[PDB]
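Asker: Take this structure, written in structure tokens, and hold onto it; I'll ask about it next.
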Amino acid sequence: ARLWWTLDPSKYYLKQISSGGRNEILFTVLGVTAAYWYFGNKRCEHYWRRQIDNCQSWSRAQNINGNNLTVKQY
Amino acid sequence: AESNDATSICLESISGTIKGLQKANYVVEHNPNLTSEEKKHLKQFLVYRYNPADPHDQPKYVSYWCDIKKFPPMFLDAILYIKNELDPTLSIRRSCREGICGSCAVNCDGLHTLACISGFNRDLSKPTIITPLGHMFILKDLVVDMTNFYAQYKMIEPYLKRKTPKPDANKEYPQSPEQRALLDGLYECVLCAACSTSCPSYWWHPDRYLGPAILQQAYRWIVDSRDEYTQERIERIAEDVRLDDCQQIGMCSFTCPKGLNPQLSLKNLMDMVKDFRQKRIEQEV
Amino acid sequence: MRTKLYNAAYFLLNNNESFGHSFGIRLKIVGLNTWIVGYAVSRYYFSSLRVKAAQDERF
Amino acid sequence: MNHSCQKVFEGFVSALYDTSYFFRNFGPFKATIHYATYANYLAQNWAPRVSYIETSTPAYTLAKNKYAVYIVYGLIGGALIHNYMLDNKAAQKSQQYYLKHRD
Amino acid sequence: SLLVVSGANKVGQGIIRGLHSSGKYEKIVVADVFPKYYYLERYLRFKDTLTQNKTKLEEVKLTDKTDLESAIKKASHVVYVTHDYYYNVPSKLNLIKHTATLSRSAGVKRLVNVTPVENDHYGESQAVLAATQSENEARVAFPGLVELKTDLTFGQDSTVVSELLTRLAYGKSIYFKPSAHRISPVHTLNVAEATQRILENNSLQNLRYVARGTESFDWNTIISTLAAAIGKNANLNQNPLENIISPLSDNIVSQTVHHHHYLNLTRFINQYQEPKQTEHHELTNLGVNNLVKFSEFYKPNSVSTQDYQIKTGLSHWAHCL
Amino acid sequence: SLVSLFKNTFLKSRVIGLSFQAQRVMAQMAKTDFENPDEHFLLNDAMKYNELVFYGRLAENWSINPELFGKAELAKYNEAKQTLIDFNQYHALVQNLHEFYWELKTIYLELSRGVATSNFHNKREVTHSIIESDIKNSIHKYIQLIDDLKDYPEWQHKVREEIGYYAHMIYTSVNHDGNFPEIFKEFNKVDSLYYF
Amino acid sequence: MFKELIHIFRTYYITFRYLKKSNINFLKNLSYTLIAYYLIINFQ
Amino acid sequence: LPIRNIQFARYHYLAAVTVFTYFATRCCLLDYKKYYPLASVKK
Ligand SMILES: CCCCCCCCCCCCCCCCCC(=O)OC[C@H](COP(=O)([O-])OCC(O)COP(=O)([O-])OC[C@@H](COC(=O)CCCCCCCCCCCCCCCCC)OC(=O)CCCCCCCCCCCCCCCCC)OC(=O)CCCCCCCCCCCCCCCCC
Ligand SMILES: CCCCCCCCCCCCCCCCCC(=O)OC[C@H](COP(=O)([O-])OCC(O)COP(=O)([O-])OC[C@@H](COC(=O)CCCCCCCCCCCCCCCCC)OC(=O)CCCCCCCCCCCCCCCCC)OC(=O)CCCCCCCCCCCCCCCCC
Ligand SMILES: CCCCCCCCCCCCCCCCCC(=O)OC[C@H](COP(=O)([O-])OCC(O)COP(=O)([O-])OC[C@@H](COC(=O)CCCCCCCCCCCCCCCCC)OC(=O)CCCCCCCCCCCCCCCCC)OC(=O)CCCCCCCCCCCCCCCCC
Ligand SMILES: CCCCCCCCCCCCCCCCCC(=O)OC[C@H](COP(=O)([O-])OCC(O)COP(=O)([O-])OC[C@@H](COC(=O)CCCCCCCCCCCCCCCCC)OC(=O)CCCCCCCCCCCCCCCCC)OC(=O)CCCCCCCCCCCCCCCCC
Ligand SMILES: CCCCCCCCCCCCCCCCCC(=O)OC[C@H](COP(=O)([O-])OCC(O)COP(=O)([O-])OC[C@@H](COC(=O)CCCCCCCCCCCCCCCCC)OC(=O)CCCCCCCCCCCCCCCCC)OC(=O)CCCCCCCCCCCCCCCCC
Ligand SMILES: CCCCCCCCCCCCCCCCCC(=O)OC[C@H](COP(=O)(O)OCCN)OC(=O)CCCCCCCCCCCCCCCCC
Ligand code: HEC
Ligand code: SF4
Ligand code: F3S
Ligand code: FES
Ligand SMILES: [Ca+2]
């Protein structure tokens, strides 16, 4: 059998762009900005929460037809 | 007038496979009128027989009991004794009789080899089985269709190509004894295909993958110092899986009756192809 | 046209050390990869199973 | 196969081939496929990367191409650590706010 | 036939014009890397400024050594002209060695290496010695090679002089750290004439020449002369950004702020030293005795700004495209 | 017209830059076989292949603004545009030949699956009529193609060596009885002798 | 790795021979995209 | 020939393979519901 395992990068994808190295910083800036936005939203939603349980938290239920939900004691 | 036959063909295929597994190695006695006492003095050859030209014939082993004290001790001698004395309808290729032409390559009792320079088990108890090369289409008896082998051989351009004119035309392309011994043990191939019919990569991909023998010939024409199309040949053999399919099993060097080492040649070819791929990038810059 | 046939080589070749040595490595790698993929599939399958229901329950 | 089923099968495969050919070679569809193929090629074979073949003498290689990896690592690590610190600060702020509001 | 290696350069353009306007050379082929389309467009739009003759003109892109070798194989005379690009280009040193080697491999009647100082890459350690060693190695690879090291070129076929004229005309500041060594400008026309003589004469037991235009000048004197000729005033070291970043440095910010060609220009101004060596023979030995005097060429008000206009607004970014 | 300036600059840059590469890409495509003519570009190195394929359409279709072009520049752009159109036609031709090759290889693959050792479920002794007709018509088209390439010896030789290989393998897959003489009548003239 | 899996399937399965190098490349691109999506999503 | 940041590429590929395998197989996050019958109890 032939040995083929290796961690080295393939030369097919190792080319540079004409003006220099590949667009690494430009894409990393976008990635960092997107991560900042996403994690900021997640943190804001997560931390500023409380559960308030009282009569005003309950409303009258209804069917998908909009009528009030009541089930008989059949 | 004809109709769909998927179901009938499927049922017949399954049933035939099962029955053949039950009745594998079907054998027919050439001469049933033999007293078991006589068979003590005679050795048994099971010879594969099949005549696709005849629509009523099917493959089968035929059992021949022969006195091994009537002909020399080689597979070809026994085959020809059977043909001439017992049944002259047997078919086999034979030209040289001294292991040079390479036409008589067959599966001599479990190993691909030339039948003319291969002995057989002298013991009278164990039977000897002679069958054609394994993965080659069978034309008749021990004759296979080696046409594809030759067609592949043609694709390597096995002729000296030179890009530089000879300086004087009254001399011979100079080549020192070292550049000649570089070919020793590499130009003796007789194109018997015994090795290539034993290469599993050649079993699986007969067409896309050239055999060990053809690749060894390409290596012979590459390492030759007189030719100047080294890189061109390397690139040509580097396409798809013409060479990459080799898995270095090494059976090719084990079966070669001539003692050659196609495995080493293929290994060197792989190294040269890798270097060619790398330095197509490294050099041109 | 009667299609031609052949005798598969591996059915009629005496077992050799080269076949064993090479196919051993190939089977080692095949077993490794198959084991990994099958473990992944097994975890997926078992996690896909439903929860136990009561006795003689409809819906 | 039966020649009637042969007619049906030939017609069906001809219809499939014609449908595929029309859909691929129609003007707008052809343009869409042609542009999307190149977009996919750009994405797959020219994605952002940190390792690349250096074919230029040290005098002819920019500094950006010698410290791009370090800049990327700095950006990513700083983003992660700053997000962690922001999470801790938000935890403290929320705790203090809801504590001072009641209990 | 002629192959002009790295001819897109302004000095290369001048030499190409000189060779094209002198008949002969049934086919002239210009080979260059052409990094960005701006340079190719510049060369092509120069190609309009040529009186049409029998000579045919063609362009070749030196993407890899295969192209260079193929072009050389189809040539009888070769004229190498350093380069004009810094960063993301093969080299100014390996290129000449490869040219010499390939030329020797496929027999070439004549190989002339023009090496203007203004084009050498002065952003590397021991730039002048690096260039000298590159020339020596190239000569070793091709003993019959002819050498012609020019010393600052003016006229509309120059790199540094044209750059300075554009800067002064637009009022751009100039980071100026002059070196003490004197300068001797040479009109590119005289360089083209010398190249013609080298290509035609043959024999030529003397294989080292230098293009040196009599009158000597200090760097400050040259800038003063150019400013007088263009009709503006020099703005030396007038940009605080330059003072802070010091384009003489090669840090990340310096490279990513200023134009690379401007960096090399100021580094050349700072690291300039006379090219003439005891082994060179002046162009007077090639018969070119009527050299164009630099001072008389750039008389006051003898240069018009409109010959150096550039795109200013976002249209300028079309160059980066 | 700033947008016009940018459009024309983009077109000029891309088209002229690729025109200097079309020779190399076309030569590489010729070098490989017809099974996957773009094999080298997919596996080893994409030497501006996808770029040529994409920008050929733009060269053909997108308009030009000569007032934004010089004289020599406009001549060069027209030359490059013609080169890209030539590449378009060349790619179309190679694609057609490659698809015909794959037709023949499909026929051969059906035969091989028929004679495969693992095929314990679909083993057929006698070739059926449909595949015979397919073989006959495919060989007829192949012979017509070989005839049509009489003015291009290199192309004719490549078409033979590549496509006719599977025709030869199909020839070897079956016995010489039944309708075999009629099916391979055209193949037996010259091609059969070549593949021996 | 992916290359090796495709090579094994091509060399052992006769039916898989039907696929071109182009189709194999399309599968390669889709698999890479799915792997990137998997890596990204698991952390979300 | 030289490859910029080759070691970084090797380690990035190794990390990608490790993370993908970890999430696909969940090798580290086993299930212990099968061991509960074979475990002692407290309280
Ligand atoms: C971000 C949010 C918005 C995203 C919007 C995306 C929209 C995409 C629409 C695509 C439409 C079809 C396009 C057809 C092609 C037309 C353009 C063209 O031909 O190229 C021109 C131009 C030059 O091409 P070329 O001359 O042929 O050069 C290549 C040659 O080989 C010659 O090479 P060379 O050596 O000469 O060098 C030339 C160099 C020249 O290149 C450049 O100059 C470009 C450099 C980068 C941009 C620089 C400018 C930055 C500032 C832009 C500011 C814009 C402001 C906009 C304001 C708008 C206000 C309204 O070329 C390159 O290097 C090409 C770069 C390719 C980058 C590909 C990126 C792939 C990955 C993307 C996703 C990454 C996710 C990571 C997540 C990881 C998390 C861990 O290239 C481009 O325009 C590049 C575009 C690349 C991206 C397109 C595809 C994006 C797809 C994203 C994934 C979305 C999936 C969603 C699910 C799917 C269903 C929806
Ligand atoms: C020919 C006919 C053959 C018929 C066979 C029929 C077999 C029927 C099987 C029925 C199902 C058995 C399931 C066992 C589950 C075991 C785990 C367990 O208890 O989990 C609890 C399970 C929850 O699972 P989980 O915890 O979420 O995750 C389980 C995972 O396995 C993860 O748990 P873990 O993290 O603890 O995992 C332990 C770790 C352990 O891994 C290791 O460390 C490996 C250690 C290996 C050591 C081996 C030593 C052997 C020694 C060799 C020596 C050779 C010497 C030679 C010398 C030569 C001379 C020198 O990983 C593994 O166990 C590896 C598993 C992956 C397998 C990869 C290969 C897959 C493809 C190949 C399959 C076999 C093909 C054979 C073909 C044969 C052809 C002829 O929940 C239960 O309580 C279920 C209990 C099991 C019953 C399930 C019933 C389902 C019924 C479905 C309806 C259809 C049924 C159809 C039946 C048909 C019958 C004919
Ligand atoms: C849900 C999420 C969605 C978003 C994410 C998506 C992610 C997945 C990827 C999707 C990929 C597939 C996309 C769908 C396929 C679209 C096919 C298509 O366009 O069909 C046209 C195509 C017809 O065009 P054709 O046959 O190719 O051309 C001949 C015609 O006679 C026409 O001849 P003509 O000369 O009269 O007109 C030519 C031109 C109109 O000509 C013009 O007016 C000029 C257009 C711009 C030219 C390029 C100037 C670049 C200047 C530099 C910019 C630098 C920016 C900053 C960065 C600097 C540093 C790098 O019209 C086109 O062909 C437009 C095609 C699309 C844009 C091509 C330009 C690419 C480069 C510029 C954009 C990318 C940025 C690159 C930056 C870097 C560059 C180095 O076929 C159709 O008509 C099909 C119609 C039905 C299908 C849907 C149509 C959708 C139309 C969308 C228009 C979008 C316009 C751009 C918006 C940009 C917003 C920021
Ligand atoms: C529970 C969750 C859900 C599970 C099911 C999920 C299914 C997902 C979708 C699967 C889609 C599969 C089809 C598309 C792939 C490509 C197929 C293809 O090439 O098409 C043409 C090709 C037919 O080509 P052809 O020209 O007709 O054949 C002649 C060529 O020379 C032939 O040349 P060749 O080399 O191309 O042909 C080789 C061919 C294989 O085809 C063959 O040539 C023969 C197939 C039958 C072999 C049967 C065994 C023969 C005897 C071996 C020894 C067994 C000993 C057992 C007892 C041991 C006792 C100790 O290989 C394949 O089929 C490739 C893919 C195989 C794996 C994927 C399919 C797995 C199906 C598993 C369930 C099957 C149904 C239940 C069975 C059990 C019921 C109790 O395949 C088909 O059309 C048939 C497809 C397969 C049908 C099922 C046959 C049984 C397979 C069992 C495999 C078990 C593996 C172990 C793990 C199983 C875990 C579930
Ligand atoms: C219609 C269009 C056509 C559709 C077709 C169908 C398929 C879809 C196609 C769509 C097109 C895009 C497809 C995805 C890209 C595929 C790329 C590919 O296949 O490349 C193979 C190719 C394989 O090559 P290879 O030879 O095998 O080598 C690979 C090795 O991994 C070698 O890798 P490497 O070594 O070069 O590394 C790569 C590099 C790549 O990374 C980057 O540079 C990129 C960075 C992230 C940028 C993210 C930008 C995202 C922007 C998004 C903006 C919003 C978009 C919204 C769009 C909406 C719609 C318009 O990695 C890094 O930079 C490593 C960073 C590690 C950071 C470590 C942190 C350390 C912290 C500690 C610091 C030190 C502390 C010390 C403390 C000491 C205490 C004592 O990959 C590459 O070579 C490129 C690198 C890999 C890039 C992967 C990018 C994946 C992006 C997925 C995006 C999915 C978006 C879905 C959106 C859905 C919306 C609905
Ligand atoms: C090596 C190459 C091949 C590799 C292949 C890899 C495949 C990867 C597949 C990935 C996707 C995995 C999806 C898993 C779905 C499993 C569904 C299933 O059957 O689960 C078991 C289920 C009962 O489970 P559950 O209701 O949860 O009850 C136990 C709870 N403690 O059971 C039931 O409810 C039983 C009813 C549903 C199942 C019906 C199955 C019908 C099969 C018909 C076969 C027809 C062909 C026959 C061929 C032979 C003919 C002679
Ligand atoms: C892409 C790189 C850019 C961008 C973003 C800017 N310019 Fe420059 N510029 C560029 C090139 C290729 C050239 C040609 C230089 C040469 O003659 O070889 C120039 C040139 C100039 C000039 C004239 C020459 C000089 O002054 O050095 C000026 C003036 C100039 N550029 C200015 C300028 C300004 C103000 C920019 C805004 C940031 C700018 N450029 C951007 C390429 C590019
Ligand atoms: S390679 Fe070996 S077995 Fe094959 S023909 Fe040559 S000598 Fe004979
Ligand atoms: S037996 Fe077979 S696959 Fe390779 S090295 Fe030897 S050939
Ligand atoms: S019989 Fe002569 S070599 Fe076989
Ligand atoms: Ca040789």
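Letters for chains follow the order of the structure tokens (A, B, ...), residue numbers begin at 1 for each chain, and ligand numbers begin at 1 in the order shown.
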Produce as a list in words the set of residues near ligand 2, where near means within 6 Å with only C-alpha atoms and all ligand atoms considered.

Answerer: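 Checking only C-alpha atoms and all ligand atoms against ligand 2 at 6 Å gives residues 35, 38, 39, 42, 43, 46 and 47 of chain C; 30, 31 and 34 of chain H.
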
Asker: What does the file look like for those residues with N, CA and C atoms, as a short mmCIF file (atom, residue, chain, number, x, y, z; two decimals), in the first residue's frame?

Answerer:
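Okay, part.cif is ready:
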data_model
loop_
_atom_site.label_atom_id
_atom_site.label_comp_id
_atom_site.auth_asym_id
_atom_site.auth_seq_id
_atom_site.Cartn_x
_atom_site.Cartn_y
_atom_site.Cartn_z
N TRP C 35 -15.40 2.29 11.31
CA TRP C 35 -15.75 2.34 12.72
C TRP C 35 -16.13 3.75 13.13
N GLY C 38 -19.52 4.61 11.45
CA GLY C 38 -20.59 3.83 12.05
C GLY C 38 -20.90 4.28 13.46
N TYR C 39 -19.89 4.69 14.23
CA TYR C 39 -20.16 5.23 15.55
C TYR C 39 -20.99 6.50 15.45
N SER C 42 -24.46 5.50 14.56
CA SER C 42 -25.12 4.84 15.69
C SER C 42 -25.61 5.86 16.71
N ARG C 43 -24.77 6.84 17.04
CA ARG C 43 -25.20 7.89 17.95
C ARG C 43 -26.42 8.61 17.39
N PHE C 46 -29.59 6.17 17.59
CA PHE C 46 -30.13 5.96 18.92
C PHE C 46 -30.74 7.24 19.48
N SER C 47 -30.11 8.39 19.22
CA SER C 47 -30.71 9.64 19.66
C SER C 47 -32.00 9.95 18.91
N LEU H 30 -20.43 11.15 25.82
CA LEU H 30 -21.10 9.86 25.75
C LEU H 30 -22.46 9.93 26.42
N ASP H 31 -23.17 8.80 26.39
CA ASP H 31 -24.40 8.61 27.14
C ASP H 31 -24.17 7.57 28.22
N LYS H 34 -27.11 3.87 29.87
CA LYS H 34 -26.91 2.43 29.84
C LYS H 34 -26.18 1.92 31.08
#

Asker: At a cut-off of 7 Å around ligand 1, and using only C-alpha atoms and all ligand atoms, what residues come up? Please write them as a PDB file with N, CA and C atoms, in the first residue's frame.

Answerer:
ATOM      1  N   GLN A  16      -1.578  32.925  -4.415  1.00  0.00           N
ATOM      2  CA  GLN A  16      -1.861  34.273  -3.945  1.00  0.00           C
ATOM      3  C   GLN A  16      -2.620  35.048  -5.013  1.00  0.00           C
ATOM      4  N   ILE A  17      -3.140  36.206  -4.616  1.00  0.00           N
ATOM      5  CA  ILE A  17      -3.736  37.135  -5.568  1.00  0.00           C
ATOM      6  C   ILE A  17      -2.612  37.952  -6.192  1.00  0.00           C
ATOM      7  N   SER A  18      -2.917  38.660  -7.278  1.00  0.00           N
ATOM      8  CA  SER A  18      -1.882  39.417  -7.975  1.00  0.00           C
ATOM      9  C   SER A  18      -1.274  40.483  -7.076  1.00  0.00           C
ATOM     10  N   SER A  19      -2.108  41.195  -6.323  1.00  0.00           N
ATOM     11  CA  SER A  19      -1.659  42.352  -5.559  1.00  0.00           C
ATOM     12  C   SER A  19      -1.004  41.986  -4.236  1.00  0.00           C
ATOM     13  N   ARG A  22      -3.580  36.620   0.033  1.00  0.00           N
ATOM     14  CA  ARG A  22      -5.024  36.506  -0.079  1.00  0.00           C
ATOM     15  C   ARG A  22      -5.716  37.469   0.882  1.00  0.00           C
ATOM     16  N   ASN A  23      -6.997  37.717   0.615  1.00  0.00           N
ATOM     17  CA  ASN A  23      -7.770  38.711   1.356  1.00  0.00           C
ATOM     18  C   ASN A  23      -8.090  38.142   2.732  1.00  0.00           C
ATOM     19  N   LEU A  26      -9.076  41.598   5.345  1.00  0.00           N
ATOM     20  CA  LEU A  26     -10.351  42.178   4.944  1.00  0.00           C
ATOM     21  C   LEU A  26     -11.512  41.291   5.366  1.00  0.00           C
ATOM     22  N   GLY A  31     -15.648  39.230   9.676  1.00  0.00           N
ATOM     23  CA  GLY A  31     -15.992  38.182  10.619  1.00  0.00           C
ATOM     24  C   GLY A  31     -16.082  38.696  12.040  1.00  0.00           C
TER      25      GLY A  31
ATOM     26  N   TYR D  35     -22.907  32.868 -14.640  1.00  0.00           N
ATOM     27  CA  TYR D  35     -22.393  33.738 -13.584  1.00  0.00           C
ATOM     28  C   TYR D  35     -22.211  32.977 -12.278  1.00  0.00           C
ATOM     29  N   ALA D  36     -23.155  32.094 -11.945  1.00  0.00           N
ATOM     30  CA  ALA D  36     -23.068  31.375 -10.683  1.00  0.00           C
ATOM     31  C   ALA D  36     -21.904  30.399 -10.675  1.00  0.00           C
ATOM     32  N   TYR D  38     -18.955  30.855 -12.061  1.00  0.00           N
ATOM     33  CA  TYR D  38     -17.752  31.612 -11.749  1.00  0.00           C
ATOM     34  C   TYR D  38     -17.769  32.097 -10.308  1.00  0.00           C
ATOM     35  N   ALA D  39     -18.940  32.477  -9.795  1.00  0.00           N
ATOM     36  CA  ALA D  39     -19.011  32.865  -8.389  1.00  0.00           C
ATOM     37  C   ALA D  39     -18.612  31.705  -7.485  1.00  0.00           C
ATOM     38  N   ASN D  40     -19.099  30.505  -7.793  1.00  0.00           N
ATOM     39  CA  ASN D  40     -18.734  29.332  -7.009  1.00  0.00           C
ATOM     40  C   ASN D  40     -17.243  29.048  -7.108  1.00  0.00           C
ATOM     41  N   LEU D  42     -14.831  31.236  -7.649  1.00  0.00           N
ATOM     42  CA  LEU D  42     -14.151  32.234  -6.833  1.00  0.00           C
ATOM     43  C   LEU D  42     -14.233  31.868  -5.362  1.00  0.00           C
ATOM     44  N   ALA D  43     -15.425  31.496  -4.897  1.00  0.00           N
ATOM     45  CA  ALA D  43     -15.585  31.185  -3.483  1.00  0.00           C
ATOM     46  C   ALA D  43     -14.737  29.989  -3.079  1.00  0.00           C
ATOM     47  N   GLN D  44     -14.744  28.930  -3.889  1.00  0.00           N
ATOM     48  CA  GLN D  44     -14.077  27.695  -3.494  1.00  0.00           C
ATOM     49  C   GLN D  44     -12.561  27.787  -3.620  1.00  0.00           C
ATOM     50  N   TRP D  46     -10.662  30.623  -4.169  1.00  0.00           N
ATOM     51  CA  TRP D  46     -10.053  31.884  -3.765  1.00  0.00           C
ATOM     52  C   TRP D  46     -10.649  32.364  -2.453  1.00  0.00           C
ATOM     53  N   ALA D  47     -10.914  31.435  -1.541  1.00  0.00           N
ATOM     54  CA  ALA D  47     -11.392  31.798  -0.224  1.00  0.00           C
ATOM     55  C   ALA D  47     -10.259  32.425   0.583  1.00  0.00           C
ATOM     56  N   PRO D  48     -10.586  33.205   1.612  1.00  0.00           N
ATOM     57  CA  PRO D  48      -9.526  33.790   2.440  1.00  0.00           C
ATOM     58  C   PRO D  48      -8.667  32.701   3.056  1.00  0.00           C
TER      59      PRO D  48
ATOM     60  N   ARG F  14      -9.508  42.610 -17.615  1.00  0.00           N
ATOM     61  CA  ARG F  14      -9.761  41.175 -17.600  1.00  0.00           C
ATOM     62  C   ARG F  14      -9.488  40.555 -18.964  1.00  0.00           C
ATOM     63  N   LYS F  48      -5.930  29.948 -14.914  1.00  0.00           N
ATOM     64  CA  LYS F  48      -6.850  30.922 -15.498  1.00  0.00           C
ATOM     65  C   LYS F  48      -7.819  30.245 -16.462  1.00  0.00           C
ATOM     66  N   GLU F  51     -11.466  31.512 -15.353  1.00  0.00           N
ATOM     67  CA  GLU F  51     -11.499  32.914 -15.747  1.00  0.00           C
ATOM     68  C   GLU F  51     -11.785  33.053 -17.233  1.00  0.00           C
TER      69      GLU F  51
ATOM     70  N   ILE G  40     -19.344  25.952  11.794  1.00  0.00           N
ATOM     71  CA  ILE G  40     -19.821  27.245  12.267  1.00  0.00           C
ATOM     72  C   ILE G  40     -21.066  27.075  13.127  1.00  0.00           C
TER      73      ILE G  40
END

Asker: Collect all residues with atoms no farther than 10 Å from ligand 4, counting only C-alpha atoms and all ligand atoms, and output them as an NGL selection string.

Answerer: (:B and (10)) or (:C and (34 or 38 or 41 or 45)) or (:F and (109-123)) or (:G and (9-18))

Asker: Restrict the selected residues to C-alpha atoms and save them as an mmCIF file, in the first residue's frame.

Answerer:
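The resulting file, selection_34.cif, is shown below:
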data_model
loop_
_atom_site.group_PDB
_atom_site.id
_atom_site.type_symbol
_atom_site.label_atom_id
_atom_site.label_comp_id
_atom_site.auth_asym_id
_atom_site.auth_seq_id
_atom_site.Cartn_x
_atom_site.Cartn_y
_atom_site.Cartn_z
ATOM 1 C CA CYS B 10 -32.856 -11.840 -12.610
ATOM 2 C CA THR C 34 -15.843 2.527 8.925
ATOM 3 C CA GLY C 38 -20.586 3.833 12.053
ATOM 4 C CA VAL C 41 -24.379 6.946 12.607
ATOM 5 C CA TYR C 45 -29.786 6.608 15.197
ATOM 6 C CA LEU F 109 -19.768 0.508 -18.841
ATOM 7 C CA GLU F 110 -23.071 -1.236 -19.454
ATOM 8 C CA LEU F 111 -21.202 -4.134 -21.041
ATOM 9 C CA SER F 112 -18.714 -4.266 -18.159
ATOM 10 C CA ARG F 113 -21.465 -4.287 -15.543
ATOM 11 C CA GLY F 114 -22.961 -7.092 -17.603
ATOM 12 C CA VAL F 115 -19.786 -9.187 -17.416
ATOM 13 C CA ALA F 116 -18.781 -8.166 -13.882
ATOM 14 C CA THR F 117 -18.058 -11.008 -11.481
ATOM 15 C CA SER F 118 -20.162 -9.442 -8.716
ATOM 16 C CA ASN F 119 -23.105 -9.370 -11.148
ATOM 17 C CA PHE F 120 -24.827 -12.438 -9.745
ATOM 18 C CA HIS F 121 -28.260 -10.894 -10.367
ATOM 19 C CA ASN F 122 -28.170 -9.493 -13.921
ATOM 20 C CA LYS F 123 -26.011 -11.958 -15.854
ATOM 21 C CA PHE G 9 -15.191 4.314 -4.584
ATOM 22 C CA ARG G 10 -14.105 4.777 -8.194
ATOM 23 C CA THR G 11 -11.685 1.852 -8.133
ATOM 24 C CA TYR G 12 -14.039 -0.623 -6.430
ATOM 25 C CA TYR G 13 -17.541 0.350 -7.627
ATOM 26 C CA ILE G 14 -18.197 -0.103 -11.341
ATOM 27 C CA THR G 15 -21.311 2.074 -11.258
ATOM 28 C CA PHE G 16 -19.466 4.993 -9.666
ATOM 29 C CA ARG G 17 -17.350 5.144 -12.826
ATOM 30 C CA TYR G 18 -20.276 6.975 -14.448
#

Asker: Which residues of chain A are close to chain F, meaning at most 9 Å apart when you count only C-alpha atoms, and how do they look as a list in words?

Answerer: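 Every residue of chain A that passes the 9 Å test is in residues 11, 12 and 13 of chain A.
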
Asker: Quick one: residues within 6 Å of residue 112 of chain E, only C-alpha atoms counted, chain neighbours fewer than 5 positions away excluded, as a ChimeraX atom specification?

Answerer: /E:79,146-147

Asker: Would you write out those residues with N, CA, C and O atoms, as a PDB file, in the first residue's frame?

Answerer:
ATOM      1  N   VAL E  79      17.700  42.721 -25.704  1.00  0.00           N
ATOM      2  CA  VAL E  79      18.017  43.906 -24.919  1.00  0.00           C
ATOM      3  C   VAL E  79      17.212  43.825 -23.631  1.00  0.00           C
ATOM      4  O   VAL E  79      15.987  43.983 -23.648  1.00  0.00           O
ATOM      5  N   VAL E 146      26.996  42.200 -23.248  1.00  0.00           N
ATOM      6  CA  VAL E 146      27.405  43.600 -23.267  1.00  0.00           C
ATOM      7  C   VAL E 146      26.631  44.333 -22.183  1.00  0.00           C
ATOM      8  O   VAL E 146      25.445  44.067 -21.967  1.00  0.00           O
ATOM      9  N   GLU E 147      27.306  45.256 -21.505  1.00  0.00           N
ATOM     10  CA  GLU E 147      26.755  45.959 -20.355  1.00  0.00           C
ATOM     11  C   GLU E 147      26.701  47.452 -20.644  1.00  0.00           C
ATOM     12  O   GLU E 147      27.621  48.007 -21.249  1.00  0.00           O
TER      13      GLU E 147
END

Asker: Could you list, as a ChimeraX atom specification, all residues that come within 7 Å of ligand 10? Count only C-alpha atoms and all ligand atoms.

Answerer: /B:94-105,114-116
